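Colleague: For reference, this is model-v8.cif, and it has mmCIF, C-alpha atoms.
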```cif
data_model
#
loop_
_atom_site.label_atom_id
_atom_site.label_comp_id
_atom_site.auth_asym_id
_atom_site.auth_seq_id
_atom_site.Cartn_x
_atom_site.Cartn_y
_atom_site.Cartn_z
CA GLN A 801 -5.48 14.43 14.08
CA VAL A 802 -4.94 12.36 10.91
CA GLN A 803 -5.25 8.60 11.25
CA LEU A 804 -4.51 5.84 8.71
CA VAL A 805 -5.79 2.40 9.74
CA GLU A 806 -4.86 -0.72 7.83
CA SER A 807 -6.88 -3.93 8.05
CA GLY A 808 -7.37 -7.07 5.99
CA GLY A 809 -4.06 -8.76 6.75
CA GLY A 810 -3.69 -12.32 8.06
CA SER A 811 -2.05 -15.67 7.26
CA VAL A 812 -2.86 -17.35 3.97
CA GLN A 813 -1.57 -20.18 1.85
CA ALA A 814 0.58 -19.53 -1.19
CA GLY A 815 -1.47 -19.02 -4.37
CA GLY A 816 -4.24 -17.34 -2.32
CA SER A 817 -5.50 -13.77 -2.24
CA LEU A 818 -6.10 -11.08 0.37
CA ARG A 819 -7.55 -7.56 0.27
CA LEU A 820 -5.94 -4.91 2.42
CA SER A 821 -7.80 -1.76 3.28
CA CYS A 822 -6.55 1.60 4.44
CA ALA A 823 -9.19 3.82 6.05
CA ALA A 824 -8.23 7.47 6.39
CA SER A 825 -9.54 9.83 9.06
CA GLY A 826 -9.21 13.63 8.74
CA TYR A 827 -7.62 13.32 5.29
CA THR A 828 -9.34 12.88 1.91
CA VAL A 829 -7.77 9.97 0.03
CA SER A 830 -8.60 10.97 -3.55
CA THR A 831 -6.84 14.35 -3.64
CA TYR A 832 -3.31 13.30 -2.67
CA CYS A 833 -0.76 10.69 -3.67
CA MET A 834 -1.15 7.67 -1.39
CA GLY A 835 0.49 4.25 -1.41
CA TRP A 836 1.58 1.03 0.24
CA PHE A 837 5.12 -0.02 1.11
CA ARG A 838 6.15 -3.25 2.86
CA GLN A 839 8.98 -4.44 5.09
CA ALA A 840 9.94 -8.13 5.06
CA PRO A 841 11.69 -9.61 8.07
CA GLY A 842 15.43 -9.13 7.79
CA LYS A 843 15.12 -6.73 4.84
CA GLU A 844 14.85 -3.09 3.85
CA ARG A 845 11.49 -1.52 3.07
CA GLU A 846 10.18 -1.58 -0.48
CA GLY A 847 7.59 0.39 -2.43
CA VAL A 848 4.56 -1.68 -3.43
CA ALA A 849 1.94 0.53 -5.08
CA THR A 850 0.92 4.21 -5.27
CA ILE A 851 -2.21 5.98 -6.47
CA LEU A 852 -3.28 9.52 -7.34
CA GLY A 853 -6.80 9.79 -8.75
CA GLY A 854 -6.96 7.51 -11.74
CA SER A 855 -3.17 6.99 -11.98
CA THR A 856 -1.67 3.84 -10.47
CA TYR A 857 1.93 2.57 -10.12
CA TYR A 858 3.24 -0.81 -9.02
CA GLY A 859 6.59 -2.14 -7.85
CA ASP A 860 8.14 -4.37 -10.53
CA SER A 861 7.78 -7.66 -8.63
CA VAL A 862 4.08 -7.22 -7.79
CA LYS A 863 2.89 -5.73 -11.08
CA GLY A 864 0.17 -7.90 -12.58
CA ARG A 865 -0.74 -9.58 -9.25
CA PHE A 866 -1.72 -6.60 -7.05
CA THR A 867 -4.26 -3.86 -7.72
CA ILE A 868 -4.56 -0.59 -5.80
CA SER A 869 -7.88 1.27 -5.95
CA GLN A 870 -9.79 3.79 -3.90
CA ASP A 871 -13.33 4.31 -2.68
CA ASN A 872 -14.06 8.01 -2.25
CA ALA A 873 -17.40 7.36 -0.51
CA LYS A 874 -15.71 5.24 2.17
CA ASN A 875 -12.52 7.34 2.13
CA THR A 876 -10.60 4.05 1.84
CA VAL A 877 -7.73 2.82 -0.29
CA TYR A 878 -7.55 -0.88 -1.11
CA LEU A 879 -4.74 -3.21 -2.03
CA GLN A 880 -5.99 -6.35 -3.76
CA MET A 881 -3.29 -9.02 -3.63
CA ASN A 882 -3.57 -12.07 -5.90
CA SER A 883 -1.41 -15.15 -6.34
CA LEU A 884 0.50 -14.57 -3.11
CA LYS A 885 3.95 -16.05 -2.68
CA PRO A 886 6.04 -16.71 0.42
CA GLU A 887 8.29 -13.73 -0.62
CA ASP A 888 5.23 -11.43 -0.18
CA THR A 889 5.35 -12.08 3.58
CA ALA A 890 5.87 -8.73 5.34
CA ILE A 891 4.31 -5.90 7.29
CA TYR A 892 2.32 -3.74 4.80
CA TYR A 893 2.00 -0.04 5.60
CA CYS A 894 -0.45 2.45 4.16
CA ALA A 895 0.88 6.03 3.66
CA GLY A 896 -0.52 9.39 2.49
CA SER A 897 1.55 12.29 1.17
CA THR A 898 0.71 16.00 1.04
CA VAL A 899 1.48 15.99 -2.73
CA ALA A 900 -0.87 15.97 -5.74
CA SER A 901 1.81 15.52 -8.39
CA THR A 902 1.52 12.47 -10.63
CA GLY A 903 5.26 12.64 -11.48
CA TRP A 904 6.18 12.57 -7.80
CA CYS A 905 3.64 9.77 -7.11
CA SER A 906 5.24 7.71 -9.93
CA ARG A 907 8.58 7.42 -8.05
CA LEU A 908 6.92 4.75 -5.90
CA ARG A 909 8.42 5.85 -2.56
CA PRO A 910 5.51 5.69 -0.07
CA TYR A 911 7.94 5.28 2.83
CA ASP A 912 8.84 8.99 2.34
CA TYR A 913 5.24 10.17 2.70
CA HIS A 914 4.15 12.35 5.61
CA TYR A 915 1.44 10.08 7.09
CA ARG A 916 1.99 6.39 7.74
CA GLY A 917 -0.18 3.75 9.43
CA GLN A 918 0.88 1.22 12.06
CA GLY A 919 0.96 -1.51 9.39
CA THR A 920 -0.67 -4.94 9.08
CA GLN A 921 1.01 -8.32 8.84
CA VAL A 922 0.68 -10.49 5.78
CA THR A 923 2.05 -14.00 6.27
CA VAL A 924 2.07 -16.34 3.31
CA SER A 925 2.81 -20.02 3.97
CA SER A 926 3.97 -22.43 1.28
#
```
Can I see the file as structure tokens?
Modeller:
Amino acid sequence: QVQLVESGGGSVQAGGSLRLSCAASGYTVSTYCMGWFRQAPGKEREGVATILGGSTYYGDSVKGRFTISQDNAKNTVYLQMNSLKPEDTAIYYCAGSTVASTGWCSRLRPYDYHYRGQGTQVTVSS
């Protein structure tokens, strides 16, 4: 079938960086809107970043610190996270839609996308 596998998470000190990766199987990453959403413990899910070709979109609290990018040769989508804060602690999920609309991708709602990974924990300690 279609498999999305996230890796790269772990436990890091505040101010540090991490690089999450989302490897897709049976699904080409560069043709459809993909993204990351997170879920912090005790809270509702939130959109983090989305990408469609060269167009990228970021949630307002991570813009400037995170970068989403893709590698077509590895069929992988990355989430570079810089200057991590304790509030960034959460499970991060990779997701892939069946849509190739930039307008739709710009709504930053990757929790509504068809395919979703099992998620990877990011724990930031102060």
Colleague: Please compute the atom CA of residue 924 of chain A-atom CA of residue 892 of chain A distance, one decimal, in Å.
Modeller: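 One can read the atom CA of residue 924 of chain A to atom CA of residue 892 of chain A distance as 12.7 Å.
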Colleague: Between atom CA of residue 801 of chain A and atom CA of residue 858 of chain A, measure the distance and give it in Å to one decimal.
Modeller: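 Atom-to-atom, atom CA of residue 801 of chain A and atom CA of residue 858 of chain A are spaced 29.0 Å apart.
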Colleague: Name the closest residue to residue 910 of chain A among the candidates A:815, A:863, A:849, A:827; distances are taken between atoms, counting all atoms listed in the file.
Modeller: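 Closest to residue 910 of chain A of all the choices is A:849.
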Colleague: For residue 876 of chain A, please output as a ChimeraX atom specification all residues within 10 Å (counting all atoms listed in the file; exclusion window: fewer than 4 positions along the same chain).
Modeller: /A:804-806,821-825,828-830,869-872
Colleague: Excluding residue 913 of chain A and its own-chain neighbours fewer than 6 positions away, which residues fall within 7 Å of it when counting all atoms listed in the file? Please give them as a VMD selection string.
Modeller: chain A and resid 895 to 897
Colleague: Pick the closest to residue 867 of chain A from A:891, A:916, A:818, A:900: which is it, counting only C-alpha atoms?
Modeller: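 The answer is A:818, which sits nearest to residue 867 of chain A.
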Colleague: Measuring atom to atom with all atoms listed in the file, identify which of A:878, A:915, A:865, A:926 is nearest to residue 807 of chain A.
Modeller: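 Residue with the minimum atom-to-atom distance to residue 807 of chain A: A:878.
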Colleague: Between A:914, A:831, A:866, A:855, which residue has the minimum interatomic distance to residue 802 of chain A, considering only C-alpha atoms?
Modeller: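 So, comparing all the options, the nearest one is A:914.
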Colleague: Once the PyMOL selection byres ((chain A and resi 908) around 9) has been applied to the shown file, what residues remain in the selection, as a list in words?
Modeller: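 When the PyMOL selection byres ((chain A and resi 908) around 9) is applied to the shown file, the picked residues are residues 835, 836, 837, 846, 847, 848, 849, 850, 857, 858, 859, 904, 905, 906, 907, 909, 910 and 911 of chain A.
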Colleague: Could you tell me how far atom CA of residue 819 of chain A lies from atom CA of residue 918 of chain A, in Å and to one decimal?
Modeller: 16.9 Å
Colleague: Given the file shown, determine the residues that the PyMOL selection byres ((chain A and resi 842) around 12) selects; report them as number ranges by chain.
Modeller: A: 839-841, 843-845, 887, 889-891
Colleague: Would you kindly translate the PyMOL selection byres ((chain A and resi 816) around 8) into the concrete residues it picks from this file, as a PyMOL selection string?
Modeller: chain A and resi 812-815+817-818+882-884
Colleague: Give the answer as one residue: which of A:854, A:886, A:919, A:808 has the shortest atom-to-atom distance to residue 838 of chain A, using all atoms listed in the file?
Modeller: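 Checking each of A:854, A:886, A:919, A:808 against residue 838 of chain A, counting all atoms listed in the file, the winner is A:919.
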Colleague: Select, from A:881, A:833, A:852, A:862, the residue with the minimum atom-to-atom distance to residue 820 of chain A, counting only C-alpha atoms.
Modeller: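 So, comparing all the options, the nearest one is A:881.
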